[PDB]
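If you're matching them up, the sequences are chains A and B in order.
Every position in the first sequence, counted from 1, becomes a number in our numbering once 127 is added.
Every position in the second sequence, counted from 1, becomes a number in our numbering once 127 is added.
Number of protein chains: 2
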Amino acid sequence: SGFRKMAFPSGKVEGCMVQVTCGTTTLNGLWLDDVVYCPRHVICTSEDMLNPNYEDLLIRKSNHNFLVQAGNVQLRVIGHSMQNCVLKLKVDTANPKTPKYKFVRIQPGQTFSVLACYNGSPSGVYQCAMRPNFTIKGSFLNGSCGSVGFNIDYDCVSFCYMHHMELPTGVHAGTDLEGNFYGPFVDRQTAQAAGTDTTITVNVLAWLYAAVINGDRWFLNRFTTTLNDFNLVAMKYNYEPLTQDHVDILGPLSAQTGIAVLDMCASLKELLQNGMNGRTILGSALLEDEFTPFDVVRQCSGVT
Amino acid sequence: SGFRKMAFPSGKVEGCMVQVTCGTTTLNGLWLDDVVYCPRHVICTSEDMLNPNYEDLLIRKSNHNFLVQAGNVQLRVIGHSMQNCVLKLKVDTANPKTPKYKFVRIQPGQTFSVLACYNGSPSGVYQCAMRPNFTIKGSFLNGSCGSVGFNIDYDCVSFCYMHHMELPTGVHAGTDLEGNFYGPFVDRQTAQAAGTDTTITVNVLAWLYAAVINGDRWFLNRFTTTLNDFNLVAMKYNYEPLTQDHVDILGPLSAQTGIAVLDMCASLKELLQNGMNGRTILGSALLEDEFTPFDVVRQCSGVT
Ligand SMILES: *[C@@H](CC(=O)OCC)[C@H](C[C@@H]1CCNC1=O)NC(=O)[C@@H](CC(=O)[C@@H](NC(=O)c1cc(C)on1)C(C)C)Cc1ccc(F)cc1
Ligand SMILES: *[C@@H](CC(=O)OCC)[C@H](C[C@@H]1CCNC1=O)NC(=O)[C@@H](CC(=O)[C@@H](NC(=O)c1cc(C)on1)C(C)C)Cc1ccc(F)cc1
């Protein structure tokens, strides 16, 4: 038993991380088959970043302006292509460590593992969520860009995130592996509004089932509610509305514990109204929303 | 910027994980060179676990009663030895993925990465601390035993932990890689008292520095204090006393921020006395103690 913020094992992704250099700019790239993927802003001089014309800037680059190091081995870049906000660098070598992989675009509320890298070297692995406003609360310093987020489905790495930017508020923004930003964000150093960040209500409920499974039950009350009563209270507290799809997703946890979703909604309504009164749930003094119902089922069934 | 509970990349340790089977009992093993390391309780039937005589049970086993699977490859066991609470199985094949490695015994308050495994397969990586009472707040299910904890110093993997036990209180106990238990625990299904779990004061201070670096300053107060004033208050709140070694170790963070250790001690004293009043620090509604000063330096400098 016990419950922790758990990342997927990072090994299959470590063997894909290379260093991409263009003039001063050194950041991380993802080496799958004979293609290296990185942020297209590797081609920007800090001055460009104000208002970059990425076509005009890329046009003035040759294959040879791009330095790719895989450990100590140099990869010959034999092609440079722009797909939305990512650079695709064709290389002379297929990566022999390439795992089975897909590119996915994840939805708000979904979690992924981030392999935080600097100079194409892995430093750290942490789990986080796509926030409803399509930001992530990550840990990223200078050189971290091109760090990827991924899920693992047995043998298949599903890449969902590539890190491009921090907003002045200290939260993070990036793209799927086809170079489309999550959220209304652009790869430009100008004022960008995130949106009001709401709580992921379905995830809070899954974490409350996590809590009951680990013997933390003090917040289980007598009452019940409706999807409509609950949502009317939830919106007051900047919580995402709960839909029937959310209730059906919470089904297995409901069945395991013998607590109906709408009884757990009734308990969460209390916690929002009356507060936690200084009691912790699974060692946290606040309601946690960065665990999906799959994340909870993984870690209370032990999927490998 | 940003700040997360971050595990080391798990790749080098994934390459060492094997499944060990003895009669019914299946659990995880660590394969370094031509030796497999696992919990000695692999030889116990659930009935034995009440009061096991490990000599009498081991005596009745031969090299061929031991099935080691490394993915699909069966390893031929050519020798079996007991060192404290671990089995050493001599195998015909040195592990070609053996990294540079040490066995270290960590101190209370130090952090490590856990690679949670089932049937010799990696499922997840999370960071935690050796509690002052020599327990860990982990996530382990049935089959998790032989899962290891490690630190990584560039290319060298320092193994510090092998999981053996959950206590009835839902916290965890295990050994160093020479099979010595952390704390007063034995590998038996009998009543074992953990000890009073205190807060790791040096880690709380490092985390407060982490907070100031990330723009979270609201708790920086007017006062100062002495090592003795602070410690006198710290003991009242079940915090570990702060020593000169702790002040010296907090030096880099002190220098970075221009905030002297005893000024941060003075701030922490207030938080203990007044409580947190419902505000958060780095997204937590309580004082976090599972980040060392090295962990904070790692993540506010980006060591790779
Ligand atoms: C990754 C790239 C890098 O380090 O370059 C190689 C040397 C890096 C990661 C972030 C910096 C520290 N924390 C991070 O997450 N990203 C950058 O270097 C970009 C930094 C930004 O994201 C800036 N964003 C803005 O300029 C901005 C300001 C406002 C109001 O809205 N957006 C913040 C640090 C402010 C640099 C960059 C790259 C590409 C761009 F199109 C713009 C900026
Ligand atoms: C790992 C062993 C494994 O993989 O089994 C091989 C098939 C596993 C870890 C725990 C299971 C649940 N979560 C865990 O972290 N260990 C066990 O299966 C042991 C179970 C325990 O540790 C029990 N502890 C006690 O028996 C106990 C009771 C008291 C007062 O103090 N300690 C808990 C389930 C309660 C089984 C085991 C192994 C070795 C032993 F010496 C005794 C018991």
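All residues carry an ideal CB built from backbone N, CA and C; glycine is no exception.
Chain B residues whose Cβ lies nearer than 7 Å to that of residue i
{"i": "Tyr245 (chain A)", "result": "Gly429, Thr431"}
{"i": "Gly342 (chain A)", "result": "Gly297"}
{"i": "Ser128 (chain A)", "result": "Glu293, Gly297"}
{"i": "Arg315 (chain A)", "result": "Going along chain B, no residue has its Cβ under 7 Å from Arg315 (chain A), so there is no contact; the nearest lies around 19 Å."}
Residue i: CB within 8 Å of a non-hydrogen atom of ligand 2
{"i": "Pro166 (chain B)", "result": "yes"}
{"i": "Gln196 (chain B)", "result": "no"}
{"i": "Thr431 (chain A)", "result": "no"}
{"i": "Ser248 (chain B)", "result": "no"}
{"i": "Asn155 (chain B)", "result": "yes"}
{"i": "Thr152 (chain B)", "result": "yes"}
{"i": "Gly138 (chain A)", "result": "no"}
{"i": "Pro295 (chain B)", "result": "yes"}
{"i": "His299 (chain B)", "result": "yes"}
{"i": "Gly273 (chain B)", "result": "yes"}
Residue i beta carbon near ligand 1 (any heavy atom closer than 8 Å)
{"i": "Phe267 (chain A)", "result": "yes"}
{"i": "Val169 (chain A)", "result": "yes"}
{"i": "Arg425 (chain B)", "result": "no"}
{"i": "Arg131 (chain B)", "result": "no"}
{"i": "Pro179 (chain A)", "result": "yes"}
{"i": "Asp314 (chain A)", "result": "yes"}
{"i": "residue 476 (chain A)", "result": "Absent from the model: residue 476 (chain A). The displayed extent of chain A is 128 to 431, so no value can be given."}
{"i": "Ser428 (chain B)", "result": "no"}
{"i": "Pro311 (chain A)", "result": "no"}
{"i": "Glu182 (chain A)", "result": "no"}
{"i": "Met292 (chain A)", "result": "yes"}
{"i": "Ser128 (chain B)", "result": "yes"}
{"i": "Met176 (chain A)", "result": "yes"}
Beta carbon of residue i nearer than 9 Å to that of residue j
{"i": "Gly265 (chain B)", "j": "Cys255 (chain B)", "result": "yes"}
{"i": "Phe346 (chain B)", "j": "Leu398 (chain B)", "result": "yes"}
{"i": "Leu242 (chain A)", "j": "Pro136 (chain B)", "result": "yes"}
{"i": "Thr317 (chain A)", "j": "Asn211 (chain A)", "result": "no"}
{"i": "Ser189 (chain A)", "j": "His207 (chain A)", "result": "yes"}
{"i": "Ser411 (chain A)", "j": "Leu413 (chain B)", "result": "yes"}
{"i": "residue 85 (chain B)", "j": "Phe239 (chain B)", "result": "With chain B covering only 128 through 431, there is no way to say anything about residue 85 (chain B)."}
{"i": "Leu409 (chain A)", "j": "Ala338 (chain A)", "result": "yes"}
{"i": "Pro420 (chain A)", "j": "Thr302 (chain A)", "result": "no"}
{"i": "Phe308 (chain A)", "j": "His290 (chain A)", "result": "no"}
Residue i: CB within 8 Å of a non-hydrogen atom of ligand 4
{"i": "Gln319 (chain A)", "result": "Ligand 4 is absent from the structure shown, which contains only ligand 1 and ligand 2."}
Within chain A, the residues that residue i reaches when beta carbons sit closer than 9 Å
{"i": "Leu242 (chain B)", "result": "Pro136"}
{"i": "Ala387 (chain B)", "result": "None at all; the shortest Cβ gap to chain A is about 25 Å."}
{"i": "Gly410 (chain B)", "result": "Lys264, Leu413"}
Beta-carbon neighbours of residue i, restricted to chain A and to distances below 7 Å
{"i": "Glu397 (chain B)", "result": "The premise fails here: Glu397 (chain B) is roughly 18 Å from chain A at the closest Cβ pair, so nothing lies under 7 Å."}
{"i": "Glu141 (chain B)", "result": "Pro136, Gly138"}
Simplified DSSP state of residue i, which is helix, strand or coil
{"i": "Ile170 (chain B)", "result": "helix"}
{"i": "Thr148 (chain A)", "result": "strand"}
{"i": "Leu177 (chain B)", "result": "helix"}
{"i": "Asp422 (chain A)", "result": "helix"}
{"i": "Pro311 (chain B)", "result": "coil"}
{"i": "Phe135 (chain B)", "result": "coil"}
{"i": "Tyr245 (chain A)", "result": "strand"}
{"i": "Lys229 (chain B)", "result": "strand"}
{"i": "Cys287 (chain A)", "result": "strand"}
{"i": "residue 450 (chain A)", "result": "Absent from the model: residue 450 (chain A). The displayed extent of chain A is 128 to 431, so no value can be given."}
{"i": "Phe239 (chain B)", "result": "strand"}
{"i": "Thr302 (chain B)", "result": "strand"}
{"i": "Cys165 (chain A)", "result": "strand"}
{"i": "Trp345 (chain B)", "result": "coil"}
{"i": "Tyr336 (chain B)", "result": "helix"}
{"i": "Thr328 (chain A)", "result": "helix"}
{"i": "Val430 (chain B)", "result": "coil"}
Per-residue contacts from residue i into chain A (C-beta, under 8 Å)
{"i": "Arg258 (chain B)", "result": "In chain order: nothing, as chain A lies at least about 12 Å away."}
Contact set between residue i and chain B, taken where Cβ atoms lie within less than 9 Å
{"i": "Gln426 (chain A)", "result": "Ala243, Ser250, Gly251, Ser266, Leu268"}
Residues near residue i by beta carbon distance below 6 Å, same chain, minus five either side
{"i": "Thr220 (chain B)", "result": "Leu202"}
{"i": "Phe286 (chain B)", "result": "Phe230, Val275, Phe277, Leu304"}
{"i": "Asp422 (chain A)", "result": "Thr238"}
{"i": "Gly306 (chain A)", "result": "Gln210, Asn211, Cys212, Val213"}
Cβ neighbours of residue i in the same chain (closer than 8 Å, five flanking residues each side left out)
{"i": "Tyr245 (chain A)", "result": "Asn155, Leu268, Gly270, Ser271"}
{"i": "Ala387 (chain A)", "result": "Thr351, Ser381"}
Cut-off 7 Å between Cβ atoms - residues of its own chain near residue i, not counting five sequence neighbours on either side
{"i": "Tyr366 (chain A)", "result": "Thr325, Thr326, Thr328"}
{"i": "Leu184 (chain A)", "result": "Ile170, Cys171, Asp175"}
Contacts that residue i makes with chain B (C-beta to C-beta distance below 8 Å)
{"i": "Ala333 (chain A)", "result": "Residues of chain B passing the Cβ test: none, with the nearest at roughly 15 Å."}
{"i": "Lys132 (chain A)", "result": "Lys132, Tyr253"}
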